[PDB]
Amino acid sequence: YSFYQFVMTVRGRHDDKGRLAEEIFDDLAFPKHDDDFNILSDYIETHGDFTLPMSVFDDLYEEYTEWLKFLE
């Protein structure tokens, strides 16, 4: 599962992660198949147009990795 796919399961959550999840969803340009942190952070820095602090993305990616480890 890519970061984007994971984010998709986060949609609806009633906090900042859920809010960012929705913006990532609304971003027609977001990289949908990438999982590498640098690639993703590169995108958010240059293309990112989000209302939440960068730390929210970091936290979201952190959760992503825990989530993967929890599968497998």
**OP:** Please enumerate the residues belonging to the range 1-42 that are of a type in the set (K, R) and either closer than 21 Å to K69 by Cα or assigned to a loop (DSSP other than H, G, I, E, B) (or both).
**Re:** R11, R13, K17, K32
**OP:** Return the total of residues in the range 45-66 being loosely packed, with under 14 Cβ neighbours inside 10 Å and within 12 Å of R19 (Cβ to Cβ).
**Re:** 2
Original post:
What number of residues in the range 52-72 are assigned to a loop (DSSP other than H, G, I, E, B) and touching a helix residue (DSSP H, G or I) at 6+ places or on another chain (Cβ under 7 Å)?
Top reply: 1
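Readers should treat all values here as calculations from the given coordinates under stated rules, not as data from a laboratory. Here the Cβ is made from the backbone with ideal geometry for all residues, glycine too, and neighbour counts use every protein chain on show.
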